[PDB]
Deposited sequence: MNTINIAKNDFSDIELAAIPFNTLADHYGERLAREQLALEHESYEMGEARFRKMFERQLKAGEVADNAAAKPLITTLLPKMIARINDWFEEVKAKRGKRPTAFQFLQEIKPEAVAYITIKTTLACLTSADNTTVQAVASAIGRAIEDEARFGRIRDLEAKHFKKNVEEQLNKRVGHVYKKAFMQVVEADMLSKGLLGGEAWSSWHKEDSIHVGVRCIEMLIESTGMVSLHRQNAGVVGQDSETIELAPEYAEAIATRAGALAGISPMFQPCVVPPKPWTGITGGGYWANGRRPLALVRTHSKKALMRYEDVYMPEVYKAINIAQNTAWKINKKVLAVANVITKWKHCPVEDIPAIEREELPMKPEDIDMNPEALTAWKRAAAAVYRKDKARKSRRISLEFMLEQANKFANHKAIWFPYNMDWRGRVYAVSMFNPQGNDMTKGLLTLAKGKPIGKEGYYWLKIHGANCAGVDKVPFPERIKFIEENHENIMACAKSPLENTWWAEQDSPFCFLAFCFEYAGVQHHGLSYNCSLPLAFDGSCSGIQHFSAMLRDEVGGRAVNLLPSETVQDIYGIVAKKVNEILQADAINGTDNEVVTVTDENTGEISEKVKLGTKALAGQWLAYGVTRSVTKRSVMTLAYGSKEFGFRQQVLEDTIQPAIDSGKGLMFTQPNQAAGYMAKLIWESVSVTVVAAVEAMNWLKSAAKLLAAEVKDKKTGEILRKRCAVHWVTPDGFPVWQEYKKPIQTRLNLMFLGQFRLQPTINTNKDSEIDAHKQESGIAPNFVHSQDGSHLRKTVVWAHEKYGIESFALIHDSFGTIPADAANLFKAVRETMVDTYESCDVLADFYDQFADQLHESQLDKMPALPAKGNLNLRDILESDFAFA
């Protein structure tokens, strides 16, 4: 009800603490320490204000139980509330005579659903409604019970298979009134089908719903002292009323928890001094001893964090500290452009002036609904980034703290970060620059082509395109408001950043000091690393690991391969056959035609398949997508947009075309990048064998317990995959749903993507130290796959990122090391089932050193 302010005592400590300020003052002076400590104090100030506004909004709408302050109270209160209503059913069943009015209504709804509905709606009514009378909350409890009881039968019994297609539609709706209206509409559709047994819901009378809530309030009172009954003006027939008041101890508990969480959640901001070097697991980045300390590894469990303190990983610690030491400054020229065009447009780039029908309208209506949500959500991120950029514009340099996830990929801790979108990327440039030279001017021009989308074309033609458009680049840099050409580009704000630096080198020559980040980005990091482990030549050429005559587009290679299958199937494909299909819920037997491969090939060739049909399928391969996942993708990305546009008349039956295309893509990717498919299968089966508990069916006892997966990456970072699932969970249709065993499915679903993401993090970290020590590189722009530095350092970072990969996979076979970790953990019965290590190919790693288009 009334939250304590953590700021008065706790937040003042981080500014006035004796030891953090001196350690900051000895490195960078006392006056920079005062500004930094006040900035970190403001970071905690803003985060507490964020929690308070959210809490007050949840107080108004009755969403207090959704807040994390009320969760520990409900978690202990719920087991006694569920038992009290279960016992009361047993007492009434033993009781003779008339059953109570509420007894019949309580049985149909789930009893655990009663316990949360009562607790949530009581606290919603006590906190917000301003009426403490028993009947108003009791009517609210009964109406909430009836709403779950009336529409729960759709989820529970008659449509438990039909719900899975309306569940996603229900989840897309936001707000209980919006969720209810669709639930009424779906009930009318289901009752027309006769699916619910043809029994329409009989609406509870208003007097009946109060009797439901009153008994539930009393049953909560016997279970817990959440509310105490009060009777006012008793004996007066006109003024007799009964009220319930929330427990002062329980309201104190939520406020104490709310004040604690308000100090735990800060809004992280860039550092005005270089960040504190990561000496250990905690305390790195920001200097002050605070309530929320930064962790080297972002772990969901504190036990997983504690595994990192014993291990000695010197190279991991250096690479983060070098990345933190990179100084950034806000590019003022792009900021001056961005400040004026953002006031005129929600997104400055979204519109530039240049030279089954009902279901189609329903999907069109859902398109303008999500776009309205999208355009609001996109803007509120932009306003925060612009304010952060405008705040630190005048500072000579800012620094970003760096930590990393449990896999090993590094991220910037601050909310404003170089790892953001195009505008945020363009608003940030490196602080320490060097004279550009001929090599840097060449690489600056190459970076200008990449921001323009000329990345698919080899290096000499990328240089030519910049020189052809030289007069347009100078005109855009001369006045970005007068010429909109830079906005039309793929990466507009970063392209405009290149235009300013391109114009400076024309005015000031090759002696110009350029501090612009020059990003080299690997084409497909997961497949590059997978092709490197198993030395697959055709995969490495597809991901530009090998030197090539031109930049090789893996989407185009697959699109060419599926095109070859399409033309062959158009001549020798299967003819169409009629197939019986039965809808199980209806029981209806119908005879539909099945399109053969010959007919399906003719449809797709009439559409014309390009890299765009195959593009998303290739990207999601490293995440674990296969033929089934591709079927949904080609439908939503190519077929469904076609039929809204008037195309797709060829796709007479869209799902058959999707399954046909998914098979063709999966056959093509499996033969294009062989190592990627085999390596992910080896990792998935290894995790599956380690996940599963081993028992003989006649002995019952488990010979081997469910085991987690652990491996160590080449630069010394250990990573533990322990996906764990809760035993029980609660779900309500109209209300928010409210040690532990290893979830085997998540262990298999995540082993291969996280392993290759651990490899790219080690590659990024090894690249940072190699470029820092073998070469003179001190400024780094790191976004997982992208490696960026100043133009004068751009040539060496180009060499360094290749040298680290060729050294890493020559030194270690990470898959073979992985097999050494879990082989002793494996049960002897699983040993015969375990696949052998995938065969090593013909690719030579030294060719990566001379590959122009790897970029990484």
Compare the deposited sequence with the modelled residues and state the ranges that are missing C-alpha positions.
356-371, 755-765
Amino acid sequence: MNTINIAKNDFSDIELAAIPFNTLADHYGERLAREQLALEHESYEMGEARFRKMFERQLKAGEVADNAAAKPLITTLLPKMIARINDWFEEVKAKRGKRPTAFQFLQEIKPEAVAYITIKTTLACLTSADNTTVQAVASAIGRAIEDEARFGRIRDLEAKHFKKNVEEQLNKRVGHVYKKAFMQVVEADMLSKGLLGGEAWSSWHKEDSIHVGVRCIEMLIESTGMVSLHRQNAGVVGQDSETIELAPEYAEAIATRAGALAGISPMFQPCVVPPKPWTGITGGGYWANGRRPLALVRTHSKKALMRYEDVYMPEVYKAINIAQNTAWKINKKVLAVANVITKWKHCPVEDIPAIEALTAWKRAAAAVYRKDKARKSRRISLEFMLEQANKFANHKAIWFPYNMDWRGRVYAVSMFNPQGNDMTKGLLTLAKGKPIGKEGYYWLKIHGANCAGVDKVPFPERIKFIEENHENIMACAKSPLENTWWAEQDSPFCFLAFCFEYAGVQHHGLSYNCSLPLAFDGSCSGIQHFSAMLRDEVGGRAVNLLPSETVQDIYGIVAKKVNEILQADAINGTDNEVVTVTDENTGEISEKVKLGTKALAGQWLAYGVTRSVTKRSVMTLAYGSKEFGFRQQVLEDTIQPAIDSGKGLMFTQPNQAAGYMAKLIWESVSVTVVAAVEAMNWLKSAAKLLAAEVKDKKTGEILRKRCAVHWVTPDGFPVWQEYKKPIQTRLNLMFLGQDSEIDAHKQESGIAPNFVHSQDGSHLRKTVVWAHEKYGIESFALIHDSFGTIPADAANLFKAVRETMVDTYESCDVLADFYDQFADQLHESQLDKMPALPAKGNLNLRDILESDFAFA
From here on, numbers count along this sequence of modelled residues.
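Superpose the two forms; the largest set of C-alphas matching within 1.5 Å is the rigid core.
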Which of the two stretches, 745-753 or 242-250, moves more in 8 other deposited structures of this protein when the core is held fixed, judged by C-alpha RMS distance?
242-250
Is the larger C-alpha RMS shift in 8 other deposited structures of this protein, relative to this form with the rigid core superposed, found in 810-818 or in 25-33?
25-33
Per the entry, where is the mean C-alpha temperature factor higher: 671-679 or 139-147?
139-147
When the Cα temperature factors in the entry are averaged, is it 99-107 or 320-328 that ends up higher?
99-107
Can you pull the Cα B-factors for 563, 586, 513, 572 from the entry and say which is highest?
586
Say you rank 533, 374, 427, 253 by Cα B-factor from the PDB entry; which sits at the top?
253
Chain-wide C-alpha B factor ranking for residue 517, given as lowest, middle or highest third:
lowest
Going by the entry, which third of its chain does the Cα temperature factor of residue 43 land in?
middle
Among the modelled residues of its chain, the C-alpha B-factor of residue 793 falls in the third labelled lowest
Please say which third, lowest, middle or highest, residue 455 falls into when its CA temperature factor is compared across its chain.
middle
Cα B factor band for residue 60 (lowest, middle or highest third within the chain)
highest
